[PDB]
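First, one chain by itself: the form deposited in one PDB entry, in structure tokens.
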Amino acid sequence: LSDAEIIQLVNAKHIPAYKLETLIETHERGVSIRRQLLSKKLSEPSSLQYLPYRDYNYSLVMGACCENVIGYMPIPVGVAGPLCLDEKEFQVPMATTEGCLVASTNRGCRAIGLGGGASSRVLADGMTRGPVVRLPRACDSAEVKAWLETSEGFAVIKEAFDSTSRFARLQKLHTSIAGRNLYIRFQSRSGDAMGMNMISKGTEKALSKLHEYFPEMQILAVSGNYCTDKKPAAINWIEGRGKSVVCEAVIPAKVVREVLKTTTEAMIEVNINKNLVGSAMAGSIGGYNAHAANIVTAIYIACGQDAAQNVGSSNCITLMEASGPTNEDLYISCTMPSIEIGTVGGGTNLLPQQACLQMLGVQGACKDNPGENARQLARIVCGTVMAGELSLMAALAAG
């Protein structure tokens, strides 16, 4: 059949769009038909002219990453580096449309390299899901909380949770009561995957098992916002979520002077009064930094991460202090307790994003040490954030 004939068929059969994929056979043609169909529903039918769609691998997207596809959005990818981190050198891909961001981050990388590099450590690793359940009375929910805190109750819960996956290993439970409601924060490792779907599956089976001991328990929602996913929350800041990371470096006074165009003293004064006092006056929870979100977002988009997780992933406290023999060298550290990231699944299944992951040497699963690729990616993110903090802070300090 012809395009116009498919169009007539879809319009004359009230067959909702998007079903084009199962209707036709080729992937790009279904996309071309949906764009044509959509075009007649717009005040400017030619508005899709510059929205590219051709020569793109839609097989990996369909049934996995997006629906009602009408094309793709190209985000410029720049590179910042080398980032000298833990005695290795990384060339960091950054997808952004903000001018000077890559340049500024690159300058930061330069100052770190000339300073002998940066060191980083993964402090914790565990994705979470925090469902909300209800009991008839608060006295009952209290009983469930006490039961879940015994070694016997936990083991049975861990047992049912762990049985849904090879990588699902329940670490701990933080429960919280609000009258007859009970919020249960399940935390578990997830190999190299960010882990949402995996932890969710585990949580559902665990809640099913919990319901066998407490038949009167009502499962209100698999997510009761106690995770907390994609919303700002003190719980992620205080207890961590995903990967908690810290990185540090010392920048020689000469480098601060020549590369950063400022002094260690001026940098410290700006850090304390902007990142600590300013954030405090603004009523911030977890936003004790200059622009971690810029770096997190740019790397996330380039590497197939869930960019909406930039909300909590960007949590960061940037600290600066005088170091060295004469207290003229700049010590800097960035602590990020909740980097939600992965190197397998979701958008990391797509080839262009796998390319950016390969650039860093962390694409896909780490066979001999599950989770190591994801941990390495989190360290790179924390290191690039520190590079970004150094540069922007120097620019603010200099004027």
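Take the two forms, find the largest set of C-alpha atoms that superpose within 1.5 Å, and that set is the rigid core. Each residue number is its position in the shown sequence, starting from 1.
Participant: Comparing 323-331 with 274-282, which stretch shows the greater average C-alpha B-factor in the deposited entry?
Facilitator: It is 323-331.
Participant: Look up the CA B-factors in the entry and say which stretch, 255-263 or 291-299, has the higher mean.
Facilitator: Per the PDB entry, the higher value belongs to 255-263.
Participant: Looking at the C-alpha B-factor values in the deposited entry, which of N236, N106, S141, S163 comes out highest?
Facilitator: Highest CA B-factor of the listed options: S163.
Participant: Would you mind checking where the Cα B-factor of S151 ranks among the modelled residues of its chain, as the lowest, middle or highest third?
Facilitator: As the PDB entry reports it, the C-alpha B-factor of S151 lands in the highest third of its chain.
Participant: So where's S338 on the chain's Cα temperature factor ranking, which third?
Facilitator: For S338, whose C-alpha B-factor we compare with every modelled residue in the chain, the answer is the lowest third.
Participant: Going by the recorded CA B-factors, say which third of the chain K145 sits in, lowest, middle or highest.
Facilitator: For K145, whose C-alpha B-factor we compare with every modelled residue in the chain, the answer is the middle third.
Participant: Ranking every modelled residue in this chain by its Cα temperature factor as given in the entry, which third contains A118?
Facilitator: It falls in the middle third of the chain.
Participant: Report the third (lowest, middle or highest) to which the CA temperature factor of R375 belongs, ranking only the modelled residues of the same chain.
Facilitator: CA B-factor rank for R375: middle third.
The discussion below concerns the form deposited in another entry, not included here.
Participant: Establish whether a shift of 2 Å or more occurs at the C-alpha of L377 between the shown form and the other one, with the two forms superposed on the rigid core.
Facilitator: After core superposition, the displacement of the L377 C-alpha between the shown form and the other one stays below 2 Å, so no.
Participant: Following rigid core alignment, is the displacement of the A17 C-alpha between the shown form and the other one equal to or greater than 2 angstroms?
Facilitator: It does, since the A17 C-alpha is displaced 2 Å or more between the shown form and the other one after the core fit.
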